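Structure record follows, encoded as structure tokens.
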Amino acid sequence: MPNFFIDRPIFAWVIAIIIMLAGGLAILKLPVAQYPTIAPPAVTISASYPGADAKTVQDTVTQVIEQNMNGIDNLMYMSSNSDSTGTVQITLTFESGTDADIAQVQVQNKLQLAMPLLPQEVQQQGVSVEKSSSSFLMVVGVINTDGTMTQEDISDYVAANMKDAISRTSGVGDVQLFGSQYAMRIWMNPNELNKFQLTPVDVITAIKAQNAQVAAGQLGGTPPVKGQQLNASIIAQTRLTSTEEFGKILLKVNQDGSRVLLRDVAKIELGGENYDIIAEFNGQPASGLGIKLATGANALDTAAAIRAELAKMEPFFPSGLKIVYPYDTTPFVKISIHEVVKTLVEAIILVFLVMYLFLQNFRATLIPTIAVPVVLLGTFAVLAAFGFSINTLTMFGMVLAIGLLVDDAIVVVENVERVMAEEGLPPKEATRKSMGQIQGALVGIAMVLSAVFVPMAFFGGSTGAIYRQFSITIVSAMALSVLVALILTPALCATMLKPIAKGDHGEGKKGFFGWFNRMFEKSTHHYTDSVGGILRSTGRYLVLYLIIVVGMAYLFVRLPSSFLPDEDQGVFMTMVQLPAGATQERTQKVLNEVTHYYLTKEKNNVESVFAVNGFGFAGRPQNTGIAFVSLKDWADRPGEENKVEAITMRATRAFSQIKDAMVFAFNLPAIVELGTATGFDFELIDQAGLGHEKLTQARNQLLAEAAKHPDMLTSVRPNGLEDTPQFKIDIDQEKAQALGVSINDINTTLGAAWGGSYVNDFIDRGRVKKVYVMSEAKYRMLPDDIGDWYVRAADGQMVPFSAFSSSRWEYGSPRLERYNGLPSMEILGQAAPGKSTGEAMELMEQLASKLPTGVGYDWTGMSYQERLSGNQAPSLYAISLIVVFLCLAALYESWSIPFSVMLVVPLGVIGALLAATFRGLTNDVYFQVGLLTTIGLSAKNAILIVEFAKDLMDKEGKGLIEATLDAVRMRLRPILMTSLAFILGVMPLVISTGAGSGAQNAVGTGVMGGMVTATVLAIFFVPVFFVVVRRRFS
Amino acid sequence: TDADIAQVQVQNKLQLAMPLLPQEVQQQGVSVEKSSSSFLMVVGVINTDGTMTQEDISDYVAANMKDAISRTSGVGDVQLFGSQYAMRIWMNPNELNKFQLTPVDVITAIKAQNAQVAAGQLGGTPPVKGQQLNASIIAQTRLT
Amino acid sequence: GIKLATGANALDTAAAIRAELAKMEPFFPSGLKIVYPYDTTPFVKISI
Amino acid sequence: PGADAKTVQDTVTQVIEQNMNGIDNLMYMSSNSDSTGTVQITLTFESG
Amino acid sequence: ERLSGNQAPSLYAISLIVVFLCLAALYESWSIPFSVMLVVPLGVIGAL
Amino acid sequence: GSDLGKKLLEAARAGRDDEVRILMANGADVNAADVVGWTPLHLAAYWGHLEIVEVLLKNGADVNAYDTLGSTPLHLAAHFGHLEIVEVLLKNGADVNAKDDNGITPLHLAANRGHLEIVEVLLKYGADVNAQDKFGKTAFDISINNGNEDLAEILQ
Ligand SMILES: CCCCCCCCCCCCCCCCCCCC(=O)O[C@H](COC(=O)CCCCCCCCCCCCCC)COP(=O)(O)OCCN
Ligand SMILES: CCCCCCCCCCCCO[C@@H]1O[C@H](CO)[C@@H](O[C@H]2O[C@H](CO)[C@@H](O)[C@H](O)[C@H]2O)[C@H](O)[C@H]1O
Ligand SMILES: CCCCCCCCCCCCO[C@H]1O[C@H](CO)[C@@H](O[C@H]2O[C@H](CO)[C@@H](O)[C@H](O)[C@H]2O)[C@H](O)[C@H]1O
Ligand SMILES: CN(C)c1ccc(O)c2c1C[C@H]1C[C@H]3[C@H](N(C)C)C(O)=C(C(N)=O)C(=O)[C@@]3(O)C(O)=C1C2=O
Ligand SMILES: CCCCCCCCCCCCCCCC(=O)OC[C@H](O)COP(=O)(O)OCCN
Ligand SMILES: CCCCCCCCCC(=O)OC[C@H](CO)OC(=O)CCCCCCCCC
Ligand SMILES: CCCCCCCCCCCCCC
Ligand SMILES: CCCCCCCCCC[N+](C)(C)[O-]
Ligand SMILES: CCCCCCCCCCCC
Ligand SMILES: CCCCCCCCCC
Ligand SMILES: CCCCCCCCCC
Ligand SMILES: CCCCCCCC
Ligand SMILES: CCCCCC
Ligand SMILES: CCCCCC
Ligand SMILES: [Cl-]
Ligand code: NA
């Protein structure tokens, strides 16, 4: 095939051109995102029950929905939260590869048939079924600076004039409002209600009567009286539109004839649907939009389009309103692209310099300069074909393959330049013979590297989907590199390279290039003498090899494991946790202190603090909040002291002073769904109807025991909330019936006043919005206020709540958890320093088998996937090793010689482990894929040494030592050229301290160190391996 | 035919009929299933000691086993060979007439006195300034 | 009485049912025991 | 039933339409709201 | 109709390039392709 | 409310005997109360931690401390069936006829939850069997309404 294309250089160019256009087209049309979809498909069912406690929500909503989630395909597990904010979230997680649309529609179809079983108030609110995801493209803040608008006012403006337009913007997949559109808030006064012998029941009845759509009919409607000339619609009562109209709603006509209006017994204003969250941006009221990227969309185009649409809205903004961008991924993703293109261009430049340094003609330097781009473009065309995106994983996958692509180019050209210098053949005849020597090996290498990388694509779960991104990227780039090496490069060599007279090694030249050729020819004789000496005493090198193998194994176990490096993304999070039962105002005072620290102590670094009061990740009661800190641009934060990690640690140490409030700052993870390094996710399950209290005792018993093994387990805590004081009120049924007071009137009055009640909808400036009745704050704060609410009896007398009720303090759950339909409590933790997650999980299981009767357990999230991903590893390692052996066996026509190649693996791995360990890095994904490519290139170097050596023995009948010495002599220049170019090529990634430097450092460090040892050791050890293996087997 | 799309198309049409169906039929739950007419297997459950009656075993299966089996992928339908327990009010017409009551009065009382009420919070949002107490109000809960 | 979902694999589904019953057994009341009075899958497994 | 086109548009058509975002291969969306209370929202998708 | 007209120029352009490259590969020549592809206007004017 | 007061409330609740011991040695406020007026003794009485009830009373805890609705530790212990704690509280001078704001007594609560052993102890320490709540209900009225045959016979 190389012979075919040496005589047909135009056909070769045509193939290169088709590949280039396909790739050029792919580069324009390929999606762009920071990260691809990794986590398995999850569907969330969300429902609201205004004024409902955790148990009410669980026993009227959660249990009914859970009992109806049957006959749905590919469900792995199901988990739910029911909490005292009147909220339920059920999450159904599906097998990796499940169609998310079919999963969602199957879930919401089974929900639809369960809807008639839910309370009327829940059916009225509705039950959302959504595709679950946590990766926002950006967060657009909307603030008011002139103090004329509350967060409720901004939320309504954004909902009415911004949200829909952003949802319609090109590439926008989803938009979450940080707030609600206005609600008509009827704030009831029980003093005024009792004055006119009225209750919340009468308020609700009147609103439903006097705020409603009423169907009428038509004038001259069909069937008509023949001769009818006019046909027109009759418009009757339509919904109210203003606070004024709601104010004038008639409640009572008194004996004397005066009117009791709704404004006489209530304050009436446009407010929020909920008052749980208080959002501030640098102390100013704030709403905002959480924007997610649509499937297959370009992140950079979408972000531009969003900013373009926001620009068009600028002129209509009320005075004081302003757009802010506290979170935007696209600046970071744009730097990733720039830095990768920069690395690939520098790589090509370094190959040009190294090619000229050794071969010293511009015609030679042009051949890799053509071949490498053709492969890189071709790789994009194949990625597009597999439906992959340009993302962090696929981009760094190409960087990790640079060494393999550069080598294919250098190997083919250098070997032609040598054959011409040693034999005197003209370029065309030299290229034919040169390809004749390597073409069989190039195909062998392709199969070996396929055997190495292809099995990496068949890991299951989240980590599998990450490894799959690198696997296809690297195999594709490698596969095209070999096709270009057998088609284009030979044709280019045959037609572009000038002849070299037999014996001309450029020693006769003058200047630097004359000196260099003399030095390098002299250095090649020093090398062949050294191998000569090494091969006379092979015994002590087999000893040095086992010292390396043991040193490797030792360094492997000591190297801490992780997933993806933390990055400076110009943002981080501060958690604010007060003691249980702490009020919104107490949490606000702590957030004001946290915000004040960042705008004082970090005025150089911090751009904004987004303070969300009454929001948490494991429930959002009044005692929880978060401060989202956005930093100034990377340029204006020089040095390690002004980066996220340093600011995080300083903030955490300052806030540990704060009394009766757990406050700490932390960097965001690369991908949220992966979790912490060697963390676990444990579920304790009530399997025999024990109940909340007995499951709590069992949880505490497990926690107490886990604390006694700090050598194995660290930070083993519950994810949920502790039981809190709650106000049990008992309605005396006999007293109610005796006074002629209905239970409906009692339960409505209590619920409406203290909990709130969604009555019906009104239309505010052409937009349908909700009407809520609730007590004004001051009449629903303390137990004494219960007595101030009156209910009208059948006989018309007003009866206070005190007359027919009794109350007491008890403890109950503000958040009840369920796993696969049964009561549960989620326990988080991680393996101790030096211990594996497997060991930590094994102990937790052992401890769990000692808990009371009817208490079971299960693993979820990352722990579920680790158990199913860990069991695949042995099989995939084994298949890789077996197919590599079989491919080399076929190449060399020998069961033994393969071992001489395969023995190279540790020579690269030892340098990677030394460099990672020394620089204080982890055994992360980037490092691991780095080992495979380092192993891959060292294997390639070894394969060609052994092929050359074996050919000289088979064809020219030379001796083992003679063949081995002639082989390593010929392979020295190309091996050093590739290594010099590639090591220099990754040097910028190692020293990088900018944005995305975490990833660059992880890719660079392990590869640099691995290549240094792989290069230096292999040139001495590969000849030893071949001699020992040939001796031992005939 | 893709059974997933068949089920989806059949249910889209069922949801148009659902509101026209009697409320008693809606509350029993209408089910849409894609399964074989024949049984894959019968999982039997007995008590070797004889500590539990047919009815007790049937309740345990329904309350502790059926749901998890019904959610398992590939399980198209699950038939309980027995009944889950309900709270059975066995009415006496002689006693109902004696106290001048009907089944209507019985049903009204059970709805009134076996209720799970949303009662709101003490110090609930939006609160007054200087509020220190925040507690859930618990009223009527389901009878047990 | 379990019926196979349209197009689902009988043997894979039977294995998943047994695995789910295995998780319930340890928390059974005293005397309660699973019996296998009718299974169509053993014949498929054995005949193959 | 009984609602005018304007009422129907504000309470139904716009409510549905503002949720018809982030759907794959959507070319355009057209709708009408009429005096008999009827809404029709047609979503046309790309060829194939 | 708008779509059909908008994409026609790029369709003709890629179609001409592909036919040229195919001819260049089959006849291991640039001169034969260039010589042949010059005939296209002679056909296109007759169609118009 | 002090630092150690809050620590003692949490420890008394959690039943961490060894931590309560250390807190008693450092003089953690035994009369410390949360926002609903619950002392460490209230919490220990509720969650049924006998050892801590004894240790708190040794360290001068108010046996008749009442919450913001007039409920005492004896109310809690009687209601939740903690027989041993009821005996200890009564031996350390707990008001057996203590009335909350609803006029409810330990006897009322124990009768309601059918704790026969606790009812006998309360009557032994001179619980007023004729004591009426705000609805004029006795422990006997509760026993017949609940249909508790054994209990109704004891409250003769
Ligand atoms: C995967 C399983 C799934 C099933 C797939 C089934 C197909 C398996 C692949 C089939 C490959 C067999 C190759 C058949 C070639 C027959 C030609 C015989 C003549 C000959 O000497 O071969 C020359 C080429 O070989 C050479 O001169 C090559 C150099 C010597 C061998 C090089 C070894 C190649 C690298 C091996 C990599 C390992 C692969 C592992 C699978 C061509 O001569 P000619 O006939 O044109 O001459 C004109 C004579 N009148
Ligand atoms: C921190 C990095 C450490 C990496 C590990 C080191 C391995 C890589 C360096 C290899 C250097 C080889 O250096 C080579 O060693 C052999 C020793 O067998 C010497 O060989 C010497 O001893 C042998 C055995 O008695 C004699 O046959 C030979 O005549 C004599 O010269 C070579 O003259 C020397 O050039
Ligand atoms: C608008 C952007 C949204 C981003 C969502 C962020 C998701 C975080 C939710 C969980 C937060 C609760 O806090 C909990 O999770 C954090 C994950 O970041 C943990 O943080 C952990 O992982 C981080 C990875 O970047 C590391 O930098 C920390 O050293 C490590 O401790 C905290 O130790 C833990 O207390
Ligand atoms: C958690 N999240 C990102 C934020 C951040 C800042 C905010 O200022 C807010 C949120 C959540 C949203 C949720 C929305 C929700 N919805 C979309 C209307 C909602 O139903 C509630 C609720 N308590 O049910 C809100 O509080 C809410 O109105 C709200 O006030 C929010 C809000 O103000
Ligand atoms: C995007 C479309 C791709 C079309 C590519 C066309 C090829 C040329 C590209 C321009 C680069 C500049 C140099 C090109 C020279 C080039 O292609 O022309 C050189 C002569 O025409 C060769 O004539 P011929 O007698 O056929 O030689 C063949 C020998 N058997
Ligand atoms: C030339 C012979 C190479 C054999 C090694 C190939 C093993 C790769 C197996 C596989 O597909 O898993 C990829 C894996 C996913 O995390 O990536 C890795 O974690 C890298 C594994 C390196 C192991 C070094 C071996 C040293 C002892 C011989
Ligand atoms: C060319 C390489 C092919 C790789 C195929 C891997 C499939 C192996 C399945 C792993 C699961 C086995 C569990 C015991
Ligand atoms: C972008 C395509 C450039 C193609 C130019 C290659 C010219 C090859 C001609 C070689 N020749 C036949 C003269 O030897
Ligand atoms: C899993 C199969 C591995 C293949 C090993 C074959 C080795 C054959 C040795 C023959 C010696 C003469
Ligand atoms: C899960 C599918 C994995 C297939 C990998 C094959 C890659 C070949 C690229 C040319
Ligand atoms: C005495 C040790 C000699 C080693 C010299 C090796 C030369 C390698 C040049 C690339
Ligand atoms: C429109 C954005 C194109 C970015 C191309 C990136 C190539 C690696
Ligand atoms: C003779 C070269 C073989 C190449 C097949 C991929
Ligand atoms: C339509 C222009 C074609 C001419 C090619 C040389
Ligand atoms: Cl030159
Ligand atoms: Na009721």
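Because the Cβ atoms are built from the backbone with ideal geometry, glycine has one as well, and the counts that use them run over all protein chains shown. None of the figures in this text is laboratory data; all of them are computed from the coordinates on show.
Neighbours of residue F:133 by Cβ distance under 14 Å: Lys/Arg scored +1, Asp/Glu scored -1, total -2. For the range A:1000-1026 versus chain D, the spacing of their alpha-carbon centroids is 63 Å.
Using r as the Cβ-Cβ distance of residue A:676 and residue A:226, and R0 as 56 Å, what FRET efficiency do you calculate, to the nearest 0.05?
Working: r = 81 Å, r/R0 = 1.45.
Given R0 = 56 Å and the Cβ-Cβ separation, E is 0.10.
Ordering A:758, A:188, A:669 by Cα displacement along the dipole of chain A toward the positive end leaves A:669 in first place; charges were set at the Cβ atoms of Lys, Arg (+1) and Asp, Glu (-1).
As a footprinting exposure proxy, order A:602, A:593, B:24 by other Cβ within 10 Å, with the fewest listed first. Let's see the in-between values first.
Numbers: A:602 19, A:593 15, B:24 7.
Ordered from fewest to most neighbouring Cβ atoms within 10 Å, A:602, A:593, B:24 come out as B:24, A:593, A:602.
Quickly estimate the mean residue ellipticity at 222 nm for chain A, helices only: each DSSP H run with n ≥ 4 gives -39500 (n - 2.57), and the total goes over all residues, rounded to 500. After summing the helix terms and dividing by residue count, I get -16500 deg cm²/dmol.
Averaged over the residues of peptide A:49-60, the number of Cβ atoms from other protein chains lying within 10 Å of each residue's Cβ is 5.
Label separation (residue A:145 vs residue A:919): 4.3 nm, computed from points 7 Å beyond Cα along the C-beta direction. Charge tally for residue F:110 (other residues, Cβ to Cβ under 12 Å; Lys, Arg +1; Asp, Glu -1): -1. Under 10 Å, Cα contacts only: if you run a Gaussian network model on chain B, which one of B:70, B:31, B:58 comes out with the highest mean-square fluctuation? Highest fluctuation of the listed residues: B:31. One Cα centroid belongs to the range A:821-836, the other to the range A:579-599; the line between them spans 30 Å. When the Cα positions of B:26, E:29, A:171 are compared along the charge dipole of the protein assembly as shown, E:29 comes out farthest toward the positive end, with charges on each C-beta of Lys, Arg, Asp and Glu. What's the center-to-center distance, using Cα atoms, between the range A:801-815 and the range A:68-95 in Å? With the range A:801-815 and the range A:68-95 each reduced to a Cα centre, they are spaced 30 Å.
Quote the charge dipole size of the protein assembly as shown about the Cα centre in Debye, to the nearest 20; the model charges only the Cβ of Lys and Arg (+1) and of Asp and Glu (-1).
On the way: 107 positive and 141 negative charges, 956 e Å.
Taking the Cα centre of the protein assembly as shown as origin, the dipole is about 4600 debye.
Using only the Cα atoms of chain E, what semi-axes does the equivalent ellipsoid have when each is the square root of 5 times a gyration tensor eigenvalue? Give whole Å, largest first. If you can, show how the numbers build up before the last one.
Values: eigenvalues 124, 42, 6 Å².
That gives 25, 14, 6 Å for the three semi-axes.
Return the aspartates and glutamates within reach of residue A:29: Cα separation strictly under 13 angstrom, same-chain partners fewer than 8 residues apart disregarded; answer none if there are no such residues. Correct list for residue A:29: A:301. Just tell me which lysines come within less than 29 Å, Cα to Cα, of residue A:632; anything on the same chain fewer than 8 places away is out. Result set, ordered by chain and number: A:163, A:292, A:312, A:322, A:334, A:342, A:589, A:601, A:603, A:643.
Overall, the range A:287-330 carries a charge dipole of about 80 debye about its Cα centre when +1 sits on the Cβ of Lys and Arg and -1 on the Cβ of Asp and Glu, all other atoms neutral. In the elastic network of chain B, a GNM with C-alpha springs shorter than 10 Å, the most mobile of B:105, B:56, B:77 is B:105.
To one decimal place, what Kirkwood hydrodynamic radius in Å is obtained for chain F from all pairs of distinct Cα atoms?
Numbers: mean 1/r = 0.0635 Å⁻¹.
Result for chain F stands at 15.8 Å.
The angle between the Cα long axis of helix A:873-892 and the main principal axis of chain A comes to about 20°, on a 0 to 90 degree scale. In this simple spin-label approximation, residue B:128 and residue A:238 carry label points 7 Å from Cα along the Cα→Cβ vector, and these lie 4.2 nm apart.
Putting +1 on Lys and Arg Cβ atoms and -1 on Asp and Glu Cβ atoms, find which of F:1, F:143, F:53 reaches farthest to the positive end of the dipole of chain F. It is F:1, whose Cα lies furthest towards the positive end. Relative contact order of the range A:893-1034, taken over Cα pairs closer than 8 Å and 6 or more residues apart, is 44 percent. Kindly express, to the nearest 10 degrees and within the range 0 to 90, the angle between helix A:539-558's C-alpha long axis and the longest C-alpha principal axis of chain A. Between helix and principal axis, roughly 10 degrees. Which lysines, on any chain, are close to residue F:99 with Cα under 23 Å apart, when same-chain ones fewer than 8 places away are left out? Counting by Cα, and skipping residues close in sequence, residue F:99 has these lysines nearby: A:728, A:735, F:91, F:124, F:134, F:137.
Among F:116, F:43, F:83, the largest mean-square fluctuation in a Gaussian network model of chain F (Cα springs under 10 Å) belongs to F:116.
Dipole magnitude for chain C: computed about the Cα centre from +1 point charges on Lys and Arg Cβ and -1 point charges on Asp and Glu Cβ, it is near 40 debye. With R₀ fixed at 51 Å, the C-beta to C-beta distance from residue A:668 to residue A:893 puts the FRET efficiency at about 0.40.
If you wrap chain A's Cα atoms in a convex hull and average its projection over all directions, what's the area in nm²?
Reported value for the Cα convex hull: 56.1 nm².
Relative contact order of chain A: 16 percent, from C-alpha pairs under 8 Å at least 6 residues apart in sequence.
Per the Debye formula on identical point scatterers at the alpha carbon atoms of the range A:969-1034, with no solvent, log10 I(q)/I(0) at q = 0.27 Å⁻¹ is -1.07. Neighbours of residue F:92 by Cβ distance under 12 Å: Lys/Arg scored +1, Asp/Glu scored -1, total -2. Taking every C-alpha pair closer than 8 Å and separated by at least 6 residues, the mean separation divided by the residue count of chain F gives a relative contact order of 15 percent. Sort the range F:1-72 into rounded, prolate or oblate with this rule: let a ≥ b ≥ c be the square roots of the eigenvalues of the Cα gyration tensor; rounded if a/c is under 1.5, and if a/c is not under 1.5, prolate when a/b is larger than b/c, oblate otherwise. Prolate, because a/c is 1.5 or more and a/b exceeds b/c.
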